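A single chain comes next, written as structure tokens; it is the form deposited in one PDB entry.
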């Protein structure tokens, strides 16, 4: 069993984790996902979680005090603290495999212009911390990234179940005048394997030449 805790100021945005495979993994008892409202750990009546950045700049930074209290309660020395951020190390398939064997993930979701760096620095004195980016784009908050990470990891957990995959087809064999590639209907496993390997390598050079060690 894995435990995943997600900490966020928008707990309602994490509801989709109840759908499809994360939902089915939860129902199978393979994982427990708990979502926590960061404002639970505030003490002012304003429940303030942010303030202006030292040194200037646009926007607001999440305060370390509130985060520290939340993580103190939720984390242990065995926790893997995951902090989604566009400035993170890349989260990849390899990362997903690695984290799939973890006992406890805590995902700290930032909003505004990010979380005071001392939160991660303080946590790293007690536990393993991983600041990660899920791709080359910016979001308003870490919540959607948390959903991506949870899905990519949970589908790899024992008991739940390079190159680009080429096109796939199913019935009927002809549709709107478009035919399924005849080799796929031929029953020749060697020819199908070869055609699929070729399609995979062809799609990869077109869409992801970087995966084969080429420019762009």
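Numbering follows the first chain given and starts at 1. Between two forms, the rigid core is the largest collection of C-alphas that superpose within 1.5 Å.
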Do at least a third of the other entries of this protein fail to model residue 56?
no
Could you tell me whether residue 159 lacks coordinates in at least a third of the other compared entries whose models cover its neighbours on both sides?
no
Taking residue 178 and residue 179 as adjacent modelled residues, how many residues of the deposited sequence between them have no coordinates (none, 1 to 3, 4 to 9, 10 or more)?
none
When the C-alpha temperature factors are averaged for each of 141 to 149 and 70 to 78, which stretch ends up with the higher value in the entry?
70 to 78
The stretch carrying the higher mean Cα B factor in the deposited entry, 6 to 14 or 190 to 198, is 190 to 198
Just to confirm, going by the entry's C-alpha B-factors, which of 131, 103, 136, 94 comes out highest?
103
Given 58, 55, 167, 173, the residue at which the Cα B factor reaches its maximum
58
Place residue 35 in the lowest, middle or highest third of its chain's C-alpha B-factors, as listed in the PDB entry.
middle
According to the PDB entry, is the CA B factor of residue 122 in the bottom, middle or top third of its chain, that is, lowest, middle or highest?
middle
Would you check the entry's CA temperature factor for residue 185 and let me know if it's in the chain's lowest, middle or highest third?
highest
Among the modelled residues of its chain, the C-alpha B-factor of residue 49 falls in the third labelled middle
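Another form exists, deposited in another entry; not displayed. Remarks below refer to it.
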C-alpha displacement of 2 Å or more between this form and the one not shown on the rigid core, among 51, 27, 44, 179
27
Answer yes if the CA of residue 18 moves 2 Å or more between this form and the one not shown after aligning the rigid core, and no otherwise.
yes
Pairwise C-alpha change, residue 33 versus residue 21, in the other form against this form - closer or farther, 3 angstroms or more:
closer
